[PDB]
>>> print(open('model.cif').read())   # mmCIF, N, CA and C atoms
data_my_file
#
loop_
_atom_site.group_PDB
_atom_site.id
_atom_site.type_symbol
_atom_site.label_atom_id
_atom_site.label_comp_id
_atom_site.auth_asym_id
_atom_site.auth_seq_id
_atom_site.Cartn_x
_atom_site.Cartn_y
_atom_site.Cartn_z
ATOM 1 N N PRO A 1 57.485 -18.800 -23.866
ATOM 2 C CA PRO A 1 58.459 -18.927 -24.970
ATOM 3 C C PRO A 1 59.494 -17.805 -24.912
ATOM 4 N N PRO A 2 60.568 -18.000 -24.133
ATOM 5 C CA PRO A 2 61.646 -17.035 -24.008
ATOM 6 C C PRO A 2 62.732 -17.251 -25.062
ATOM 7 N N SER A 3 63.961 -16.885 -24.728
ATOM 8 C CA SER A 3 65.070 -16.944 -25.677
ATOM 9 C C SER A 3 65.399 -18.386 -26.091
ATOM 10 N N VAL A 4 65.028 -19.349 -25.253
ATOM 11 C CA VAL A 4 65.275 -20.756 -25.547
ATOM 12 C C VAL A 4 64.385 -21.253 -26.695
ATOM 13 N N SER A 5 63.272 -20.573 -26.925
ATOM 14 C CA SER A 5 62.341 -20.989 -27.955
ATOM 15 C C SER A 5 62.026 -19.860 -28.923
ATOM 16 N N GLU A 6 62.906 -18.868 -29.001
ATOM 17 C CA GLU A 6 62.712 -17.771 -29.933
ATOM 18 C C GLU A 6 63.014 -18.211 -31.363
ATOM 19 N N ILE A 7 63.345 -19.485 -31.524
ATOM 20 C CA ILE A 7 63.635 -20.048 -32.834
ATOM 21 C C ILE A 7 62.420 -20.789 -33.372
ATOM 22 N N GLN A 8 61.961 -21.764 -32.601
ATOM 23 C CA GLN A 8 60.867 -22.627 -33.011
ATOM 24 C C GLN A 8 59.509 -22.009 -32.677
ATOM 25 N N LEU A 9 59.444 -21.246 -31.587
ATOM 26 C CA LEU A 9 58.199 -20.566 -31.225
ATOM 27 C C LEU A 9 58.107 -19.210 -31.911
ATOM 28 N N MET A 10 59.251 -18.598 -32.171
ATOM 29 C CA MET A 10 59.287 -17.311 -32.842
ATOM 30 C C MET A 10 59.840 -17.450 -34.249
ATOM 31 N N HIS A 11 58.966 -17.385 -35.239
ATOM 32 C CA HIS A 11 59.396 -17.403 -36.632
ATOM 33 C C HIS A 11 59.381 -15.992 -37.181
ATOM 34 N N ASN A 12 58.694 -15.121 -36.456
ATOM 35 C CA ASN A 12 58.737 -13.691 -36.713
ATOM 36 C C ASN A 12 60.176 -13.203 -36.599
ATOM 37 N N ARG A 13 60.891 -13.756 -35.614
ATOM 38 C CA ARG A 13 62.328 -13.536 -35.448
ATOM 39 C C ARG A 13 62.669 -12.049 -35.370
ATOM 40 N N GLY A 14 63.900 -11.705 -35.737
ATOM 41 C CA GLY A 14 64.368 -10.339 -35.592
ATOM 42 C C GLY A 14 64.389 -9.938 -34.136
ATOM 43 N N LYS A 15 65.021 -10.771 -33.324
ATOM 44 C CA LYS A 15 64.892 -10.644 -31.871
ATOM 45 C C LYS A 15 66.088 -9.959 -31.222
ATOM 46 N N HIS A 16 67.164 -9.805 -31.973
ATOM 47 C CA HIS A 16 68.341 -9.077 -31.495
ATOM 48 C C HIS A 16 68.973 -8.403 -32.690
ATOM 49 N N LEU A 17 69.740 -9.188 -33.427
ATOM 50 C CA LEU A 17 70.247 -8.763 -34.710
ATOM 51 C C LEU A 17 69.856 -9.772 -35.775
ATOM 52 N N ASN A 18 70.043 -11.051 -35.447
ATOM 53 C CA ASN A 18 69.626 -12.168 -36.293
ATOM 54 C C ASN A 18 70.457 -12.268 -37.564
ATOM 55 N N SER A 19 71.082 -11.174 -37.978
ATOM 56 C CA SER A 19 71.987 -11.177 -39.126
ATOM 57 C C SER A 19 73.145 -12.138 -38.881
ATOM 58 N N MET A 20 73.361 -12.477 -37.617
ATOM 59 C CA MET A 20 74.369 -13.439 -37.246
ATOM 60 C C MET A 20 73.793 -14.839 -37.337
ATOM 61 N N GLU A 21 72.480 -14.915 -37.216
ATOM 62 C CA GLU A 21 71.755 -16.163 -37.362
ATOM 63 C C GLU A 21 71.664 -16.535 -38.833
ATOM 64 N N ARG A 22 71.178 -15.579 -39.631
ATOM 65 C CA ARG A 22 70.917 -15.791 -41.054
ATOM 66 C C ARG A 22 72.084 -16.442 -41.745
ATOM 67 N N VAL A 23 73.197 -15.726 -41.790
ATOM 68 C CA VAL A 23 74.380 -16.146 -42.518
ATOM 69 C C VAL A 23 74.826 -17.553 -42.129
ATOM 70 N N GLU A 24 74.367 -18.032 -40.974
ATOM 71 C CA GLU A 24 74.668 -19.381 -40.520
ATOM 72 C C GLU A 24 73.633 -20.350 -41.033
ATOM 73 N N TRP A 25 72.372 -20.002 -40.878
ATOM 74 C CA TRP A 25 71.354 -20.903 -41.346
ATOM 75 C C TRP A 25 71.271 -20.956 -42.839
ATOM 76 N N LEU A 26 71.868 -19.994 -43.517
ATOM 77 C CA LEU A 26 71.940 -20.058 -44.952
ATOM 78 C C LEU A 26 72.383 -21.432 -45.398
ATOM 79 N N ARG A 27 73.317 -21.987 -44.666
ATOM 80 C CA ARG A 27 74.021 -23.170 -45.103
ATOM 81 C C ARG A 27 73.353 -24.431 -44.586
ATOM 82 N N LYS A 28 72.393 -24.257 -43.698
ATOM 83 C CA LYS A 28 71.593 -25.369 -43.232
ATOM 84 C C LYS A 28 70.137 -25.191 -43.654
ATOM 85 N N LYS A 29 69.860 -24.178 -44.483
ATOM 86 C CA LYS A 29 68.489 -23.914 -44.899
ATOM 87 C C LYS A 29 68.341 -23.611 -46.403
ATOM 88 N N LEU A 30 69.301 -22.882 -47.023
ATOM 89 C CA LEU A 30 69.142 -22.418 -48.416
ATOM 90 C C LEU A 30 68.699 -23.578 -49.295
ATOM 91 N N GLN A 31 69.419 -24.660 -49.142
ATOM 92 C CA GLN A 31 69.018 -25.972 -49.590
ATOM 93 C C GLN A 31 69.803 -26.937 -48.737
ATOM 94 N N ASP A 32 70.283 -26.336 -47.638
ATOM 95 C CA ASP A 32 71.308 -26.882 -46.755
ATOM 96 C C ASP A 32 72.400 -27.599 -47.510
ATOM 97 N N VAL A 33 73.522 -26.933 -47.519
ATOM 98 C CA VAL A 33 74.639 -27.262 -48.401
ATOM 99 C C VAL A 33 75.321 -28.558 -47.970
ATOM 100 N N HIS A 34 74.940 -29.055 -46.806
ATOM 101 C CA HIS A 34 75.456 -30.338 -46.329
ATOM 102 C C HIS A 34 74.978 -31.502 -47.200
ATOM 103 N N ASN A 35 74.040 -31.235 -48.109
ATOM 104 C CA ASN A 35 73.424 -32.286 -48.935
ATOM 105 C C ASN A 35 74.317 -32.710 -50.097
ATOM 106 N N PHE A 36 75.537 -32.193 -50.148
ATOM 107 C CA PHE A 36 76.462 -32.573 -51.208
ATOM 108 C C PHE A 36 76.684 -34.096 -51.225
ATOM 109 N N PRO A 37 77.154 -34.714 -50.120
ATOM 110 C CA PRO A 37 77.147 -36.176 -49.997
ATOM 111 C C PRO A 37 75.718 -36.772 -50.011
ATOM 112 N N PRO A 38 74.775 -36.295 -49.143
ATOM 113 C CA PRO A 38 73.357 -36.722 -49.152
ATOM 114 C C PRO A 38 72.576 -36.357 -50.422
ATOM 115 N N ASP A 39 73.207 -36.460 -51.579
ATOM 116 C CA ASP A 39 72.537 -36.201 -52.833
ATOM 117 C C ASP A 39 71.946 -37.487 -53.380
#
>>> encode(input="model.cif", output="structure tokens")
Amino acid sequence: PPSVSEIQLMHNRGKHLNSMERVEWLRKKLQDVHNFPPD
């Protein structure tokens, strides 16, 4: 489980900075904001 699976295999995360990951997944995870139409 290398960098290709540091997402699904690694939930411990924090593998580089990840702060660049977070702010992105916020919008696909917080409640994933794409659900505005899919309400």
>>> select_by_dssp(input="model.cif", residues="chain A", states="alpha helix (DSSP H)", output="list in words")
residues 19, 20, 21, 22, 23, 24, 25, 26, 27, 28 and 29 of chain A
>>> atom_distance(input="model.cif", atom1="CA of residue 27 in chain A", atom2="atom C of residue 1 in chain A")
25.4 Å
>>> atom_distance(input="model.cif", atom1="CA of residue 8 in chain A", atom2="CA of residue 35 in chain A")
22.5 Å
>>> atom_distance(input="model.cif", atom1="CA of residue 34 in chain A", atom2="CA of residue 19 in chain A")
20.8 Å
>>> axis_aligned_box(input="model.cif", around="range 24-31 of chain A", padding_each_side="6 Å", output="lines of an AutoDock Vina configuration file")
center_x = 71.5
center_y = -22.5
center_z = -45.1
size_x = 18.3
size_y = 20.9
size_z = 21.1
